[PDB]
Structure formats: structure tokens, C-alpha cells
Amino acid sequence: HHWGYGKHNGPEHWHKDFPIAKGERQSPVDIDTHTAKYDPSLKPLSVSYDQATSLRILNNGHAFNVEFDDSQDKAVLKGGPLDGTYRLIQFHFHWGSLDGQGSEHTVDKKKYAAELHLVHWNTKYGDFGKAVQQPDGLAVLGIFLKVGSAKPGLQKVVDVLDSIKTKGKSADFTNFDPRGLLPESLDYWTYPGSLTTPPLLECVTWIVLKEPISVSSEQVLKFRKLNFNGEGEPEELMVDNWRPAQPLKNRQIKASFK
Ligand SMILES: NS(=O)(=O)c1ccc(CNC(=O)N2CCN(c3cc4c(cc3F)c(=O)c(C(=O)O)cn4C3CC3)CC2)cc1
Ligand SMILES: [Zn+2]
């Protein structure tokens with residue numbers, strides 16, 4: 001009886017195994033655009049993905065992860081609110097059963113169809129397992145997805161999903177350039193928060209881009225054909241793998257832009 005996104009094991013249950021679910025810096029949150037303060041002391045973010053080395057794509061039973069070689073400083077996030085150098089380890093998405101839900105963060109209570117998370121860890125802690133134990137261990141770049149025009153840079157991800165339909169399946173996923181998933185503007189909101197899945201560790205600097213990317217209905221439909229279940233098990237479509245907004249408590253959301 002493990003955690004998930006169903007009636008019996010979803011977000012409202014997680015606190016029983018992971019009491020930090022009710023903690024002081026949980027994610028995601030609603031971004032109230034009128035309350036977020038422009039912080040002129042923030043920097044432009046530095047997204048350096050030219051040497052990124054993607055390796056593999058995995059269906060882990062609650063999302064799919066595109067994994068990178070993080071054994072050297074190849075794809076890094078720096079600047080913005082961050083001190084030091086954060087290495088890209090994986091990206092994944094959260095999405096809905098319908099276009100009107102799926103994102104984890106919300107903007108003035110608006111839900112997007114999906115949300116991309118590019119996960120990076122602070123090189124001063126040496127490895128990801130150590131970094132998640134520190135309050136400044138991870139930086140997650142969040143990007144909203146709306147449904148409209150196709151995103152060309154997503155299609156290589158969409159076309160491999162039939163090969164990882166069920167939990168535990170992986171496929172080779174070399175030579176994928178995550179620059180093709182970015183919007184035009186790097187304007188962002190930032191706040192201190194947590195992993196949005198168990199173990200819900202309070203180790204994340206969140207950087208959420210203001211500009212959504214557009215994907216096509218056909219692209220998100222293929223996300224919704226994935227399975228939470230393993231091969232040969234009763235089919236449970238992988239949909240609604242999002243945690244709802246959590247209390248902001250004693251936090252300030254800062255804006256990079258006027
Ligand atoms: N959204 S966020 O950006 O804030 C964010 C959140 C979270 C992270 C860091 N942790 C993760 O990434 N995890 C959590 C653990 N997870 C699981 C893998 C599982 C199982 C259960 C799991 F929960 C099983 O039960 C299972 C089985 O054999 O039954 C096999 N597998 C592994 C894949 C084969 C894998 C992914 C990073 C970033
Ligand atoms: Zn995530």
C-alpha cells in the first residue's frame with residue numbers, strides 16, 4: 001500500500017508515511033501574481049544546456065524521467081536566486097486527464113494542462129542523495145504547458161512513450177536537447193519549497209517561468225496513454241499525477257520582472 005495519485009493513496013494520504021507533507025515549506029503553491037514582489041537584486045538566470053548528455057527515459061510508475069549524465073558539469077543552471085552551480089540530473093512532467101488541470105503550481109488559481117520540471121542538484125554536496133538533505137540542495141525549473149500549437153522540441157519525447165508504456169520500462173534516449181523545451185522568455189518567480197512527491201523533502205529552490213510553452217492536443221494525448229501499472233497488470237492510465245497547491249505559510253514569492 002504505497003503512495004500514488006489514486007482515491008486510496010493520493011496526496012491527502014501522504015502525510016501518514018511522510019509527516020513533512022504538513023511542513024513549513026511544501027510545494028507546489030499558488031502564485032498570486034499581485035502579491036509576488038519584484039526583486040531587482042535577482043539575476044538573470046543562466047541556463048547552460050549546450051553540452052547536455054541525455055541517456056535514458058524511464059517510466060517509474062508515477063511519471064516518466066528523461067535522465068542525463070550528471071557525472072560532470074555538462075548541463076547546469078546558475079544565477080537567478082542561486083549561489084553556485086546546479087547540475088541537470090533529469091526532467092519529467094505532471095499532467096491531467098483533461099486540459100483544464102495537470103499543473104502543480106497555479107497562477108492566480110489558474111491550472112495549466114501540464115508542468116515540466118527540470119531537476120538540478122547543487123555540486124557543492126557532491127551527489128544527489130546528499131543534496132536532497134540540504135535546504136539549498138536542489139533547483140527545479142518549472143515550465144507550464146498549455147494546449148495549442150505543437151512544440152517541435154517535444155515530439156522526440158512523445159514518439160518514445162509507446163516503448164515505455166508501463167512501470168519499470170526504460171529506453172535509450174541519447175542526443176536529446178532540452179533547449180527545445182524552453183519558452184522565449186526566462187522571466188520567473190522564485191520561492192523556497194520542497195519535492196512535490198514523497199519523500200517531500202524541503203530541499204528545493206523553485207524557479208517557475210512565467211511564459212508557458214504550447215504543446216498540441218495530440219502531444220498531451222500521448223502522455224495520457226501511459227500506464228501507472230506494470231506490464232500485464234490491470235490498466236490504470238497515467239493521468240492526474242499532480243499534487244495540489246499547498247499552504248504558503250511564512251514564504252515570499254519573488255518576481256524577476258517588473
Ligand atoms: N516533482 S519534483 O521536481 O519536486 C521532484 C520530486 C522527486 C524527485 C526525487 N525522487 C524521485 O525522483 N522519485 C521518487 C521515487 N520514485 C519511485 C520509483 C519506483 C517506485 C516508487 C517510487 F516512488 C516503486 O514502487 C518501484 C517498484 O519497484 O515497485 C520502482 N520504482 C523505480 C523506478 C523503478 C522514483 C522517482 C525529484 C524531483
Ligand atoms: Zn515534478
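If you read the sequence from its start, that first residue is 1, and numbering goes on from there. What's counted below: heavy atoms across the whole structure, side chains too, no hydrogens, waters or symmetry copies. Both counts, for ligands and for their atoms, begin at 1 and track the order of listing.
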Taking the six-membered ring for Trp, is the centroid-to-centroid distance between [X] and [Y] below 6.0 Å?
X	Y	result
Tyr49	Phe68	no
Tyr188	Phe257	no
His117	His94	yes

Distance from atom 8 (C) of ligand 1 to nearest protein heavy atom, with residue and atom: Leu195 CD2, 4.1 Å
Could you identify the single nearest non-hydrogen protein atom to atom 31 (N) of ligand 1 and state the distance to 0.1 Å? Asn60 O, 4.0 Å
In the complex you have, is atom 35 (C) of ligand 1 within reach of the protein, judged by whether a heavy-atom distance drops under 4.0 Å? yes
Atom 16 (N) of ligand 1 touched by protein heavy atom at under 4.0 Å: yes
Measuring from atom [atom1] of [X] to atom [atom2] of [Y], what distance do you get when rounded to the nearest 0.5 angstrom?
X	Y	atom1	atom2	answer
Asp30	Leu248	CG	CG	9.0 Å
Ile31	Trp189	CD1	CH2	5.5 Å
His92	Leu58	NE2	CG	12.5 Å

Is there a polar contact between ligand 1 and [X], counting only N or O atoms under 3.5 Å apart?
X	result
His94	yes
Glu104	no
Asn59	no

Could you pull out the closest heavy-atom pair between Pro81 and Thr205, with the gap in Å? CG-CG2, 3.9 Å
For residues 135-147, which residue pairs pass the side-chain hydrogen bond (donor to acceptor under 3.5 Å, both in side chains) check, not counting sequence neighbours? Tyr125-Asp136
Which of the listed options, [options], holds the heavy atom that is closest to [atom]?
atom	options	value
atom 25 (O) of ligand 1	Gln90, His2, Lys167, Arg243	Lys167
atom 23 (F) of ligand 1	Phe93, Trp3, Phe91, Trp242	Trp3
atom 2 (S) of ligand 1	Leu138, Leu58, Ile89, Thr196	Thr196

Students often mix this up, so state it plainly: with edges at 30° and 60°, are the rings of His62 and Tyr5 parallel, tilted or perpendicular? tilted
So is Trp206 in contact with ligand 1, going by heavy-atom distances below 4.0 Å? yes
Among the heavy atoms of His62, does any lie under 4.0 Å from an atom of ligand 1? yes
With a cut-off of 2.8 Å, which protein N/O/S atoms are close to the Zn ion (ligand 2), if we only count those under it? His92 NE2, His94 NE2, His117 ND1
More than 12 heavy atoms of other residues, nucleotides or ligands under 6.0 Å from CD of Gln252: yes or no? no
Which atoms of ligand 1 have any heavy atom of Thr197 under 4.0 Å away? 6 (C), 7 (C)
Within the structure provided, determine whether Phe228 and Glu235 are in side-chain contact (heavy-atom separation under 4.5 Å). no
Would you call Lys110-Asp108 a salt bridge at under 4.0 Å N-O? no
